[PDB]
$ cat target-v1.cif   # mmCIF, C-alpha atoms
data_structure
loop_
_atom_site.label_atom_id
_atom_site.label_comp_id
_atom_site.auth_asym_id
_atom_site.auth_seq_id
_atom_site.Cartn_x
_atom_site.Cartn_y
_atom_site.Cartn_z
CA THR A 1 99.44 16.20 79.37
CA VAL A 2 97.20 13.51 80.82
CA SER A 3 96.19 10.41 78.85
CA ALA A 4 92.40 10.03 78.76
CA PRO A 5 90.74 7.24 76.73
CA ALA A 6 90.27 7.94 73.03
CA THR A 7 86.63 6.89 72.91
CA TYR A 8 84.35 5.07 75.33
CA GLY A 9 85.09 1.52 76.34
CA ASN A 10 83.23 -1.21 74.52
CA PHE A 11 81.77 -4.03 76.58
CA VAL A 12 83.05 -7.59 76.40
CA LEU A 13 81.12 -10.83 76.84
CA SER A 14 82.61 -13.32 79.28
CA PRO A 15 83.68 -16.79 78.08
CA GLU A 16 81.77 -18.40 80.97
CA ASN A 17 78.32 -18.10 79.42
CA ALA A 18 79.81 -20.23 76.63
CA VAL A 19 80.18 -23.15 79.04
CA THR A 20 76.79 -22.25 80.47
CA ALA A 21 75.20 -22.44 77.00
CA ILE A 22 76.98 -25.69 76.10
CA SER A 23 75.88 -27.23 79.40
CA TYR A 24 72.33 -26.14 78.61
CA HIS A 25 72.61 -27.58 75.09
CA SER A 26 73.64 -30.86 76.70
CA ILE A 27 70.27 -31.03 78.47
CA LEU A 28 68.50 -30.58 75.11
CA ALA A 29 68.26 -33.30 72.42
CA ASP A 30 71.41 -32.59 70.36
CA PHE A 31 73.99 -29.93 69.59
CA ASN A 32 74.17 -31.14 65.98
CA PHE B 1 93.39 -89.36 102.82
CA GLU B 2 90.80 -86.67 102.45
CA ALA B 3 89.91 -85.61 98.92
CA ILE B 4 89.63 -81.86 98.52
CA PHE B 5 87.76 -81.71 95.21
CA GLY B 6 87.47 -78.77 92.83
CA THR B 7 87.00 -75.22 94.02
CA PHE B 8 84.36 -72.82 92.74
CA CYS B 9 84.07 -69.06 92.48
CA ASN B 10 80.77 -67.29 91.85
CA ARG B 11 80.33 -65.40 88.59
CA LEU B 12 78.22 -62.49 89.76
CA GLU B 13 76.19 -61.02 86.92
CA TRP B 14 77.14 -57.49 85.98
CA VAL B 15 74.35 -55.02 85.34
CA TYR B 16 74.54 -51.69 83.54
CA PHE B 17 72.29 -48.65 83.64
CA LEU B 18 71.91 -48.25 79.86
CA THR B 19 71.14 -51.95 79.40
CA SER B 20 68.23 -51.70 81.87
CA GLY B 21 64.62 -50.67 81.52
CA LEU B 22 65.09 -47.75 83.89
CA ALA B 23 67.30 -46.08 81.27
CA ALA B 24 64.22 -45.32 79.16
CA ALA B 25 62.98 -43.25 82.11
CA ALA B 26 65.95 -40.90 81.91
CA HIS B 27 68.37 -38.94 79.75
CA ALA B 28 71.65 -40.10 81.32
CA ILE B 29 74.65 -37.97 80.32
CA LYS B 30 78.24 -38.15 81.50
CA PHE B 31 79.12 -34.51 82.02
CA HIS B 32 82.12 -32.78 83.51
CA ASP B 33 81.19 -31.16 86.81
CA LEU B 34 80.90 -27.37 86.77
CA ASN B 35 79.87 -24.81 89.36
CA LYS B 36 77.50 -22.92 87.06
CA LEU B 37 74.61 -25.40 87.04
CA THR B 38 74.84 -25.75 90.83
CA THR B 39 75.00 -22.05 91.72
CA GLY B 40 71.79 -21.40 89.78
CA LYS B 41 68.45 -23.13 89.49
CA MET B 42 67.13 -23.17 85.95
CA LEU B 43 64.15 -21.25 84.61
CA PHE B 44 61.72 -22.53 81.99
CA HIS B 45 59.18 -20.50 80.04
CA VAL B 46 56.71 -23.20 79.00
CA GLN B 47 53.94 -22.10 76.66
CA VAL B 48 50.42 -23.21 77.62
CA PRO B 49 47.78 -23.85 74.93
CA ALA C 1 77.62 -17.63 68.43
CA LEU C 2 74.29 -18.41 66.75
CA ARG C 3 74.56 -22.16 67.36
CA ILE C 4 76.36 -21.54 70.66
CA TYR C 5 74.24 -19.23 72.81
CA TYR C 6 70.85 -19.54 71.11
CA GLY C 7 70.97 -23.28 70.43
CA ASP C 8 70.92 -26.15 67.94
CA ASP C 9 67.21 -26.48 67.11
CA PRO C 10 64.94 -23.41 67.02
CA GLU C 11 61.81 -25.53 67.46
CA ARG C 12 60.25 -26.73 70.76
CA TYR C 13 62.86 -24.83 72.85
CA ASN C 14 64.80 -21.58 72.78
CA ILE C 15 67.55 -20.20 74.99
CA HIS C 16 66.33 -16.84 76.26
CA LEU D 1 47.88 -45.63 84.61
CA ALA D 2 49.54 -45.24 81.21
CA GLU D 3 47.13 -42.51 80.09
CA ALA D 4 47.36 -40.41 83.27
CA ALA D 5 51.03 -39.52 82.81
CA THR D 6 51.69 -36.20 81.11
CA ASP D 7 54.50 -35.16 78.76
CA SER D 8 57.91 -33.53 79.37
CA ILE D 9 59.88 -30.58 78.03
CA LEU D 10 62.98 -32.14 76.46
CA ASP D 11 61.71 -35.41 74.98
CA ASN D 12 63.86 -37.06 72.34
CA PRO D 13 61.77 -38.88 69.69
CA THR D 14 64.77 -40.73 68.20
CA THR D 15 65.52 -42.64 71.42
CA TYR D 16 64.03 -45.92 72.69
CA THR D 17 62.21 -46.77 69.49
CA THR D 18 61.59 -50.46 68.93
CA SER D 19 61.33 -52.45 65.74
CA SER D 20 58.36 -52.00 63.35
CA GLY D 21 58.42 -48.24 63.97
CA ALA D 22 56.55 -48.23 67.28
CA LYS D 23 57.49 -45.85 70.09
CA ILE D 24 58.07 -46.65 73.75
CA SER D 25 56.15 -44.16 75.88
CA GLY D 26 57.38 -44.99 79.37
CA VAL D 27 58.36 -47.90 81.56
CA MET D 28 56.70 -49.65 84.50
CA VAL D 29 58.64 -51.70 87.02
CA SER D 30 57.58 -53.94 89.92
CA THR D 31 58.83 -56.82 92.01
CA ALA D 32 59.41 -60.29 90.60
CA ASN D 33 56.19 -61.80 91.97
CA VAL D 34 53.88 -59.07 90.68
CA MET D 35 55.66 -59.22 87.32
CA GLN D 36 55.16 -62.99 87.19
CA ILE D 37 51.46 -62.61 88.05
CA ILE D 38 51.02 -59.97 85.33
CA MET D 39 52.87 -62.16 82.80
CA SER D 40 50.82 -65.25 83.69
CA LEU D 41 47.57 -63.25 83.58
CA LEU D 42 48.10 -60.99 80.54
CA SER D 43 50.01 -63.26 78.16
CA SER D 44 47.81 -62.08 75.26
CA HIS D 45 49.33 -58.58 75.38
CA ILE D 46 53.02 -59.23 76.16
CA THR D 47 55.44 -59.77 73.29
CA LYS D 48 59.23 -59.93 73.09
CA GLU D 49 60.80 -57.41 70.74
#
$ encode --input "target-v1.cif" --output "structure tokens"
Amino acid sequence: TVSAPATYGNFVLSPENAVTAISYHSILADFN
Amino acid sequence: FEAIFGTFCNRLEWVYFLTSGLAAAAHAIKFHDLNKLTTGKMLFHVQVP
Amino acid sequence: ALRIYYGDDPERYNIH
Amino acid sequence: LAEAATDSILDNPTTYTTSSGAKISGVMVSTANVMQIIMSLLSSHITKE
């Protein structure tokens, strides 16, 4: 009895585009 | 005798970036150094009238 | 996520 | 010279505003002698605000 995945994997989003987006918000006028 | 009178330093005038007129020509931001802005040049989609 | 990836102000710039 | 410069992408309108609501739209910079000649020649356009 082999153990295959139940359903397909669901993709994740890396937490490095967060510090890309904040660094790109820093170029713009204001975050708030 | 010889009279060694008072001694004098020189008060050099400090000068800051943000207190200068060149600071209006920029958008100076202290920012913690990352690799992500350096590994990639930016792209800009500017709309033309 | 809306303020984070897409940005603060929707006018005069967007993050695409 | 002041007219020939074009605009920029990320311009902040709340920065480098003077008193009486006027807006600074750039900065010119020269040596001390050229600045003194411009001041002594164009004293009818130079204020201190």
$ atom_distance --input "target-v1.cif" --atom1 "CA of residue 37 (chain B)" --atom2 "CA of residue 8 (chain D)"
20.1 Å
$ interface_residues --input "target-v1.cif" --of "chain A" --to "chain B" --cutoff "10 Å" --atoms "all atoms listed in the file" --output "list in words"
residues 16, 17, 19, 20, 23, 24, 26, 27, 28 and 29 of chain A
$ interface_residues --input "target-v1.cif" --of "chain D" --to "chain B" --cutoff "12 Å" --atoms "all atoms listed in the file" --output "PyMOL selection string"
chain D and resi 8-18+23-30
$ resolve_selection --input "target-v1.cif" --expression "the PyMOL selection byres ((chain C and resi 5-16) around 7)" --output "list in words"
residues 18, 21, 25, 30, 31 and 32 of chain A; 1, 2, 3 and 4 of chain C
$ atom_distance --input "target-v1.cif" --atom1 "CA of residue 20 (chain D)" --atom2 "CA of residue 49 (chain D)"
9.5 Å
$ build_atoms --input "target-v1.cif" --residues "region 9-26 of chain D" --atoms "N, CA, C and O atoms" --output "PDB file, in the frame of the given file"
ATOM      1  N   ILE D   9      59.382 -31.676  78.849  1.00  0.00           N
ATOM      2  CA  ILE D   9      59.880 -30.580  78.030  1.00  0.00           C
ATOM      3  C   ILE D   9      60.841 -31.091  76.965  1.00  0.00           C
ATOM      4  O   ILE D   9      60.596 -30.952  75.761  1.00  0.00           O
ATOM      5  N   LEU D  10      61.950 -31.692  77.388  1.00  0.00           N
ATOM      6  CA  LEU D  10      62.980 -32.140  76.460  1.00  0.00           C
ATOM      7  C   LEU D  10      62.818 -33.644  76.267  1.00  0.00           C
ATOM      8  O   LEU D  10      63.467 -34.453  76.928  1.00  0.00           O
ATOM      9  N   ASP D  11      61.942 -34.014  75.344  1.00  0.00           N
ATOM     10  CA  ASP D  11      61.710 -35.410  74.980  1.00  0.00           C
ATOM     11  C   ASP D  11      62.385 -35.662  73.642  1.00  0.00           C
ATOM     12  O   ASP D  11      62.198 -34.904  72.686  1.00  0.00           O
ATOM     13  N   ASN D  12      63.180 -36.716  73.577  1.00  0.00           N
ATOM     14  CA  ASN D  12      63.860 -37.060  72.340  1.00  0.00           C
ATOM     15  C   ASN D  12      63.084 -38.142  71.599  1.00  0.00           C
ATOM     16  O   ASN D  12      62.961 -39.261  72.115  1.00  0.00           O
ATOM     17  N   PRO D  13      62.545 -37.867  70.408  1.00  0.00           N
ATOM     18  CA  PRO D  13      61.770 -38.880  69.690  1.00  0.00           C
ATOM     19  C   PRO D  13      62.609 -39.934  68.973  1.00  0.00           C
ATOM     20  O   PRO D  13      62.041 -40.932  68.508  1.00  0.00           O
ATOM     21  N   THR D  14      63.923 -39.749  68.866  1.00  0.00           N
ATOM     22  CA  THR D  14      64.770 -40.730  68.200  1.00  0.00           C
ATOM     23  C   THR D  14      65.363 -41.753  69.157  1.00  0.00           C
ATOM     24  O   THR D  14      66.169 -42.586  68.727  1.00  0.00           O
ATOM     25  N   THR D  15      64.995 -41.712  70.430  1.00  0.00           N
ATOM     26  CA  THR D  15      65.520 -42.640  71.420  1.00  0.00           C
ATOM     27  C   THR D  15      64.439 -43.594  71.895  1.00  0.00           C
ATOM     28  O   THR D  15      63.264 -43.231  72.006  1.00  0.00           O
ATOM     29  N   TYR D  16      64.872 -44.827  72.182  1.00  0.00           N
ATOM     30  CA  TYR D  16      64.030 -45.920  72.690  1.00  0.00           C
ATOM     31  C   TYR D  16      62.868 -46.220  71.753  1.00  0.00           C
ATOM     32  O   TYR D  16      61.733 -46.407  72.186  1.00  0.00           O
ATOM     33  N   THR D  17      63.150 -46.241  70.461  1.00  0.00           N
ATOM     34  CA  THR D  17      62.210 -46.770  69.490  1.00  0.00           C
ATOM     35  C   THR D  17      62.512 -48.242  69.259  1.00  0.00           C
ATOM     36  O   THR D  17      63.671 -48.658  69.187  1.00  0.00           O
ATOM     37  N   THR D  18      61.456 -49.033  69.161  1.00  0.00           N
ATOM     38  CA  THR D  18      61.590 -50.460  68.930  1.00  0.00           C
ATOM     39  C   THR D  18      61.522 -50.754  67.441  1.00  0.00           C
ATOM     40  O   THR D  18      61.465 -49.855  66.601  1.00  0.00           O
ATOM     41  N   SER D  19      61.527 -52.041  67.114  1.00  0.00           N
ATOM     42  CA  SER D  19      61.330 -52.450  65.740  1.00  0.00           C
ATOM     43  C   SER D  19      59.878 -52.221  65.323  1.00  0.00           C
ATOM     44  O   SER D  19      58.992 -52.001  66.157  1.00  0.00           O
ATOM     45  N   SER D  20      59.658 -52.266  64.002  1.00  0.00           N
ATOM     46  CA  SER D  20      58.360 -52.000  63.350  1.00  0.00           C
ATOM     47  C   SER D  20      57.831 -50.605  63.699  1.00  0.00           C
ATOM     48  O   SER D  20      56.623 -50.390  63.810  1.00  0.00           O
ATOM     49  N   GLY D  21      58.747 -49.653  63.888  1.00  0.00           N
ATOM     50  CA  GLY D  21      58.420 -48.240  63.970  1.00  0.00           C
ATOM     51  C   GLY D  21      57.672 -47.770  65.194  1.00  0.00           C
ATOM     52  O   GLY D  21      57.407 -46.567  65.299  1.00  0.00           O
ATOM     53  N   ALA D  22      57.314 -48.654  66.120  1.00  0.00           N
ATOM     54  CA  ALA D  22      56.550 -48.230  67.280  1.00  0.00           C
ATOM     55  C   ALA D  22      57.438 -47.488  68.273  1.00  0.00           C
ATOM     56  O   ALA D  22      58.667 -47.590  68.246  1.00  0.00           O
ATOM     57  N   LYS D  23      56.798 -46.723  69.154  1.00  0.00           N
ATOM     58  CA  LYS D  23      57.490 -45.850  70.090  1.00  0.00           C
ATOM     59  C   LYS D  23      57.200 -46.282  71.512  1.00  0.00           C
ATOM     60  O   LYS D  23      56.039 -46.511  71.867  1.00  0.00           O
ATOM     61  N   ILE D  24      58.249 -46.397  72.324  1.00  0.00           N
ATOM     62  CA  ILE D  24      58.070 -46.650  73.750  1.00  0.00           C
ATOM     63  C   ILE D  24      57.711 -45.345  74.437  1.00  0.00           C
ATOM     64  O   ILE D  24      58.395 -44.329  74.274  1.00  0.00           O
ATOM     65  N   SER D  25      56.632 -45.360  75.212  1.00  0.00           N
ATOM     66  CA  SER D  25      56.150 -44.160  75.880  1.00  0.00           C
ATOM     67  C   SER D  25      56.148 -44.322  77.395  1.00  0.00           C
ATOM     68  O   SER D  25      55.184 -43.971  78.075  1.00  0.00           O
ATOM     69  N   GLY D  26      57.229 -44.857  77.940  1.00  0.00           N
ATOM     70  CA  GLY D  26      57.380 -44.990  79.370  1.00  0.00           C
ATOM     71  C   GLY D  26      57.784 -46.387  79.743  1.00  0.00           C
ATOM     72  O   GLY D  26      57.956 -47.264  78.894  1.00  0.00           O
TER      73      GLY D  26
END
